[PDB]
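Student: part one of the complex, untouched from its place in the assembly:
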Amino acid sequence: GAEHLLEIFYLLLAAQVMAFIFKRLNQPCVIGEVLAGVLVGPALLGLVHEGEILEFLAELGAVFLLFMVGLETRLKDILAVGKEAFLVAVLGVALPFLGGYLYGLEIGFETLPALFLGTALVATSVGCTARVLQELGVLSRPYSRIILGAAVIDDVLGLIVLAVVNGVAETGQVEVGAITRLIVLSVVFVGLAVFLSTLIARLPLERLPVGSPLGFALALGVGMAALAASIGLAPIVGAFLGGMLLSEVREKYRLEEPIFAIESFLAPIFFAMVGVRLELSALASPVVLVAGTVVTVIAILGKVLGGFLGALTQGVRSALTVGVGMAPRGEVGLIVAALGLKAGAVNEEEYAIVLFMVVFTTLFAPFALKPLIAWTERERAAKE
């Protein structure tokens, strides 16, 4: 009711104000839209509290947020690259996950809670890294295609891991059987989506008893997510594949703009509500600060070697650009933390740590990647 209408108004308003601040600070994405949630949240103001309704508008936020990403993914542009991206993607999953789990047990975690920190480090922000390259306008360059190409695959792998970890979360001590079934269910469904998505362009929706091409995209997006839930996979990342289907007809039917108008509404709520859950005790906690800073460096170095050994193919100057470029975590890492806390496998202390590092990784991207792209362009300006 009007209880929540108010609450939403304070969420949107605070997010707008915090957004104007951070764009003026030249820190593009997924920072102020959280701290705005902290601000308007219980911890500081308390104009908004977490209700079941505002928890759902946070789901649609994450759903539409990854639906937008799945809509902007071209499977022509990626295939010309991804062989070298799939080398980075596998390293992108492998290196930081161990960094989370191994280091996690040393901070006194259990079996399950340790896996969640790893999965939180597995993810990569595909949204923020693209934003950085857009202003530079350098994205057309190949070393940018690898980073984004890997980031797409990596986020899909971050789902399957998270899905398995949650399968072990729901039911403890789960045998490898239920795990292996998710891996098969995931791979086939994705491959079927990829397979179907390639067959979409040849099939216009005109025969479908549909009232308009926008409506069908939505109805398909929510349906693809709901079906993913019935299979026992995260609905958030079940919509991303529903957008891969429509990514080829993206321009033809005029989708990208309106679907972004919806997403630009709901996506703020998701990032705020994640900030709402943060605590005063959580922020500035003596052990969290140390281990939070440490695990952050573990995340970077893991990505450096992962973005080097995997990107080693193209060049030295390029390999470094990929190592730093895969640094940001952002959206999915929150969908991990957000998922883990609600299942009850994530402690308030852990949630602080995850929200601590994602902030500092996103802070690190423009302060680092920006001069490197310049230096790579210089070396290529000589040898061309």
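Tutor: Arrived safely. Numbers count the residues shown, from 1 in each chain, chains lettered A, B, ... in the order given.
Student: could you say which helix or strand contains the most centrally placed residue in chain A?
Tutor: Taking Cα atoms, centre = their mean, the centroid of chain A lies closest to residue A:332, which sits 2.8 Å from it. Per DSSP states H and E, residue A:332 falls inside helix A:331-343.
Student: returning to what we had before: please name the spatially closest residue to the residue nearest to the centre of chain A (chain neighbours excluded).
Tutor: Distance criterion Cβ to Cβ, 6 or more residues apart in numbering; nearest residue to residue A:332, sequence neighbours excluded, is residue A:123 at 3.6 Å. All C-beta spots, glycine's among them, are computed from the backbone N, C-alpha and C.
Student: before we move on, back to that, tell me how far the helix or strand following the helix holding residue A:332 lies from the chain's centre.
Tutor: Note on helix A:331-343: by DSSP H and E, the next helix or strand toward the C-terminus is helix A:348-364. Helix A:348-364 sits 14 Å away from the centroid of its parent chain (Cα atoms, centre = their mean, to the nearest Å).
Student: List the contacts of the very next helix or strand once past helix A:348-364.
Tutor: As assigned by DSSP H and E, the chain's next helix or strand after helix A:348-364 is helix A:366-382. The contact list for helix A:366-382 (Cβ atoms under 8 Å, 6 or more residues apart in numbering) reads A:26-28, A:132-133, A:136, A:138, A:141, A:143, A:317-318, A:320-321, A:324-325, A:327.
Student: buried ones in helix A:366-382?
Tutor: For helix A:366-382, the neighbour count (16 or more other Cβ atoms under 10 Å) marks A:366, A:369, A:372-373, A:376 as buried.
Student: Please convert these to a markdown table, extending it with distance to residue A:57.
Tutor: Output for these, formatted as a markdown table (distance: Cβ to Cβ, whole Å):
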| residue | distance to residue A:57 |
| --- | --- |
| A:366 | 30 |
| A:369 | 33 |
| A:372 | 38 |
| A:373 | 37 |
| A:376 | 41 |
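Student: Next SSE downstream of the helix or strand hosting residue A:184?
Tutor: Using DSSP H and E, residue A:184 maps to helix A:176-198. Tracing the chain C-terminally past helix A:176-198 and defining elements by DSSP H and E, one meets helix A:213-230 next.
Student: tell me what that next one is packed against?
Tutor: Counting contacts by 3 or more Cβ pairs under 8 Å, 6 or more residues apart in numbering; DSSP states H and E, helix A:213-230 is packed against helix A:52-71, helix A:240-244, helix A:256-276.
Student: One more pass at 6 Å, please.
Tutor: Counting contacts by 3 or more Cβ pairs under 6 Å, 6 or more residues apart in numbering; DSSP states H and E, helix A:213-230 is packed against helix A:240-244.
Student: Might you calculate how far the helix it packs on sits from the centre of the chain?
Tutor: In this view, helix A:240-244 has its centroid 14 Å away from the chain centroid, taken as Cα atoms, centre = their mean.
Student: what's next to it, contact-wise?
Tutor: For helix A:240-244, contacts defined as Cβ atoms under 6 Å, 6 or more residues apart in numbering pick out A:66-67, A:70-71, A:73, A:193, A:197, A:220-221, A:224.
Student: redo that, cut-off 7 Å
Tutor: Residues outside helix A:240-244 that contact it (Cβ atoms under 7 Å, 6 or more residues apart in numbering) are A:66-67, A:69-71, A:73, A:190, A:193-194, A:197, A:220-221, A:224-225.
Student: Restricting to C-alpha, output it in PDB.
Tutor: Output of helix A:240-244 as PDB, limited to C-alpha atoms (Å, rounded to 0.1, in the frame of the first residue of the first chain):
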ATOM      1  CA  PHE A 240      19.400 -13.800 -19.400                       C
ATOM      2  CA  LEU A 241      19.000 -16.800 -21.700                       C
ATOM      3  CA  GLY A 242      15.500 -15.600 -22.600                       C
ATOM      4  CA  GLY A 243      17.200 -12.400 -23.900                       C
ATOM      5  CA  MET A 244      19.800 -14.300 -25.800                       C
END
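Student: check contacts around residue A:28.
Tutor: By Cβ under 7 Å, 6+ apart, residue A:28 lies in contact with A:128, A:131-132.
Student: The top helix by length along chain A vs helix A:176-198, what angle?
Tutor: If you go by DSSP state H, chain A has its longest helix at helix A:142-170. Here the directions of helix A:142-170 and helix A:176-198 differ by 140 degrees (axes from the mean of the first three to the mean of the last three Cα atoms, to 10 degrees).
Student: now the sequence for chain B, which goes on the structure above:
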Amino acid sequence: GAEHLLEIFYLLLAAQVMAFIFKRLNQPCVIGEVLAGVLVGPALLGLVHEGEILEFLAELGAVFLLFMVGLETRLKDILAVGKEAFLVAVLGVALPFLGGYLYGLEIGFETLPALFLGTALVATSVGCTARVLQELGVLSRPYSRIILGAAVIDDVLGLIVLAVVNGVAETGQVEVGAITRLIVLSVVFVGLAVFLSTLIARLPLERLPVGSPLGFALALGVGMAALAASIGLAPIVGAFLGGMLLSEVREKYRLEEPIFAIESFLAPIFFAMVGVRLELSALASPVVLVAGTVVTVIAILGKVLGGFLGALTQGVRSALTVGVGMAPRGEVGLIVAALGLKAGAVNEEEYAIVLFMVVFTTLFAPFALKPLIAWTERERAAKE
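Tutor: Once chain B is put in with the chains from before, the structure reads:
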């Protein structure tokens, strides 16, 4: 959760299918988007049931639906007319309200429930009537401006009535004092909005600590609705005035399209959920059919004289065009019925009647108004 994601998917899907059907039947608006709700609803299929979440997504639907209308209202175009529209608007409120209340007591209603049927007959669909004139492309003609101009004012008056009726609904036997306060609160707030809205064009949002002109429109829209609720006025119609503010800067900042992309998402849910609440007993009820058909004719004739005596100024040929043009009820009439049922002042039998006539009035508009506009154009083609 995935319970509702599913439910939403069946709502959107059914609405899309029912929309393709009705557009093919040449019955433009707010018919299949309800019966789709009946279809997927308990009464027939039962894939969707009414939860608290899907009741809220029905509110945002009605909110964004009237926010869209308030955004498309120009206060330059209206002022050149409205003197003759305000003659129709007052008749538009006066005639059918008595038709509801007087006739209502004869069907065995009480004091309060009788007022709701009247208020349900007070409203006019501004959305459907505009749609009809768009295809004909005749809307630029003046006799179309009166109908729409009156329809805008009428819907604002339909709010204040409904607000008073609800004030008497919440607390029984309410003294004229609390009623008179709402009338003052309503008139001033609207006049202030109208006053402010005229002062908006001179003031671009550029100085506001805002991240983007879309975000501010939303945050303002929800805020204007939430503030309306705290005053004890329907939030649904508190957003309409928040869009009047932005109606002058409508084109400048590129709002109309994206805000319609959101509304084209949420607005279906509102019309479906209204259909969901309908009953098998409600549909095809022996007394409902009679009184439902009767009160429908009472609604038309009330609008005929109201759209004649008020529109009598321009011409005979035009006066008839207005009488029929004000026939459709649509959106707000549901917001009445929907409001009345939840407060508990509306019986299942009454809800049937209101949803019965709005269907038959909307059905009546194209089957009637269409040839009349032609005949008015012919008489004007001779005398020009």
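Student: can you check what packs on helix A:213-230 again with chain B included?
Tutor: When contacts are defined as 3 or more Cβ pairs under 7 Å, 6 or more residues apart in numbering or on different chains; DSSP states H and E, helix A:213-230 sits against helix A:240-244, helix B:2-24.
Student: which parts of the longest one are buried?
Tutor: Applying a neighbour-count criterion of 16 or more other Cβ atoms under 10 Å in any protein chain shown, one finds B:2, B:4-22 buried in helix B:2-24.
Student: Also within reach of chain A: list those from these.
Tutor: Contacts with chain A within those, counted by Cβ under 7 Å from any Cβ of the partner chain: B:2, B:5-6, B:8-9, B:12-13, B:16-17, B:19-20.
Student: which non-adjacent residue is nearest residue A:139?
Tutor: Excluding the flanking residues, the one nearest residue A:139 by Cβ to Cβ, 6 or more residues apart in numbering or on different chains is residue A:133, at 4.0 Å.
Student: Looks like that neighbour contacts residue A:141 (just checking).
Tutor: No. Using Cβ atoms under 7 Å, residue A:133 is not in contact with residue A:141, being 8.3 Å away.
Student: Of those two, which one has the most company?
Tutor: Neighbour count, other Cβ atoms under 10 Å in any protein chain shown: between residue A:133 and residue A:141, residue A:133 has more, with 20 against 17.
Student: for the more buried one, helix, strand, or coil?
Tutor: Put simply, residue A:133 is helix when judged by DSSP: H, G, I helix; E, B strand; the rest coil.
Student: looking just at contacts, which helices and strands does the helix or strand in which residue A:318 is found meet?
Tutor: When elements are assigned from DSSP H and E, residue A:318 belongs to helix A:316-325. Judged by 3+ Cβ pairs under 7 Å, 6+ apart, the packing partners of helix A:316-325 are helix A:142-170, helix A:286-309, helix A:366-382.
Student: Chain B versus the residue lying farthest from the centre of chain A, what's the distance?
Tutor: Largest separation from the mean C-alpha position in chain A: residue A:382, at 36.3 Å (Cα atoms, centre = their mean). Going from residue A:382 to chain B by Cβ to the nearest Cβ, to the nearest Å gives 40 Å.
Student: Give me the spatial nearest neighbour of residue A:270, chain neighbours excluded.
Tutor: Leaving out its chain neighbours, the residue that sits closest to residue A:270 by Cβ to Cβ, 6+ apart is residue A:61, at 2.8 Å.
Student: wait, isn't the one you found in contact with residue A:267?
Tutor: Yes. Between residue A:61 and residue A:267 there is a contact at 4.9 Å, judged by Cβ under 7 Å.
Student: Same drill for the two, tell me which one is more crowded.
Tutor: Set side by side, residue A:61 and residue A:267 show more neighbours around residue A:267, with 25 against 22, by other Cβ under 10 Å.
Student: Make TSV out of the helices and strands packed on helix A:213-230 and add distance to residue B:261.
Tutor: Formatted as TSV, the helices and strands packed on helix A:213-230 follow (distance: least, Cβ to Cβ, whole Å):
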stretch	distance to residue B:261
helix A:240-244	15
helix B:2-24	14
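Student: The residue nearest to the centre of chain A is in contact with residue A:156, isn't it?
Tutor: No. The pair residue A:332 / residue A:156 is not scored as a contact, 9.9 Å apart, by Cβ under 7 Å.
Student: Contact partners for the closest residue to residue A:50 other than its chain neighbours?
Tutor: Computed as Cβ to Cβ, 6+ apart, the closest residue to residue A:50 that is not its neighbour in sequence is residue A:276, at 5.6 Å. Listed by Cβ atoms under 7 Å, 6 or more residues apart in numbering or on different chains, the contact set of residue A:276 reads A:37, A:41-42, A:48, A:50.
Student: do the same with residue A:322
Tutor: Listed by Cβ under 7 Å, 6+ apart, the contact set of residue A:322 reads A:88, A:143, A:146-147, A:307, A:311.
Student: and which of those is nearest to chain B?
Tutor: Distance to chain B, by Cβ to the nearest Cβ, is smallest for residue A:147 among the contacts of residue A:322, at 25.8 Å.
Student: From chain B, how far off is the residue nearest to residue A:139?
Tutor: Counting by Cβ to the nearest Cβ - residue A:133 and chain B are separated by 21 Å.
Student: And that residue, how far from residue A:379?
Tutor: Look at residue A:133 and residue A:379: by Cβ to Cβ, to the nearest Å, they are 18 Å apart.
Student: No more questions from me, cheers.
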